[PDB]
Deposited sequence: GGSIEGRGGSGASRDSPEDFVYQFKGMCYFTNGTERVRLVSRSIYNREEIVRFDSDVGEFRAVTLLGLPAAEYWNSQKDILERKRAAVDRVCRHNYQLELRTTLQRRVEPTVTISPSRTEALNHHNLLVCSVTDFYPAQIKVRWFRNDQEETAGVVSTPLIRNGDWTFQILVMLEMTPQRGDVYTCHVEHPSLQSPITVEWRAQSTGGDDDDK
């Protein structure tokens, strides 16, 4: 059994309503437990565990460390967000819809899309289905694309049309894929 000691540092930036609410949380973790952190709302280092207390007092006493950290909200978060607005926040990936039976089951495969925000509805001859429809949690592919599988318990008969309505921020008009029995 090999023994291992892990140390982590996370310079976390939080953004709400664009630039209206900006928060910085600098976390120091050892191993899975956070020992000391710096929050932008308090403007000073505060220990989470007893192990973080000698570090917190050492950094709060030093003027140079405290100065840089209190300015990091505009230097790291607010500056990097301006770079994100024309890069990652501008990224729009068109979703691909596919209907395949599984027939008592019918699954609507919405794959390869960005950002994460998505709303997918099931229809049976212009009437929306809510009771017999199960959705998988928003699956993260990791390569800056998402996928979501939405199944529907259906009892088909002649003349029935099953429409999968999909809404995404990258689309002006929703994509609708139909299936006939």
query = Since the structure holds only modelled residues, which stretches of the deposited sequence does it leave out?
reply = 1 to 15, 118 to 124, 204 to 213
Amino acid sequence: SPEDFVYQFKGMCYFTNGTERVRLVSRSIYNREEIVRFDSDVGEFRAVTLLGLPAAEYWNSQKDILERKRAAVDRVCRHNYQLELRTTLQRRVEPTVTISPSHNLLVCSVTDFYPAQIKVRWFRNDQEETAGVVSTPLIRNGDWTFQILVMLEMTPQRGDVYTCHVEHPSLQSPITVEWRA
From here on, numbers count along this sequence of modelled residues.
message = Regarding 139 to 147 and 152 to 160, which shows the higher C-alpha temperature factor on average in the entry?
response = 152 to 160
request  = Mind pulling up the entry and telling me whether 44 to 52 or 65 to 73 has the higher mean Cα temperature factor?
outcome  = 44 to 52
remark   = From the entry's CA B-factor values, the highest among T96, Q90, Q82, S102 is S102
inquiry  = Test of reading the entry: by CA B factor among the chain's modelled residues, which third contains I29?
reply    = middle
task = Would you mind ranking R21 by its C-alpha B-factor against the rest of the chain and naming the third, lowest, middle or highest?
result = highest
remark   = Among the modelled residues of its chain, the C-alpha B-factor of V133 falls in the third labelled middle
task = Using the B-factor values recorded in the entry, state whether the Cα atom of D112 falls in the lowest, middle or highest third among the modelled residues of its chain.
result = lowest
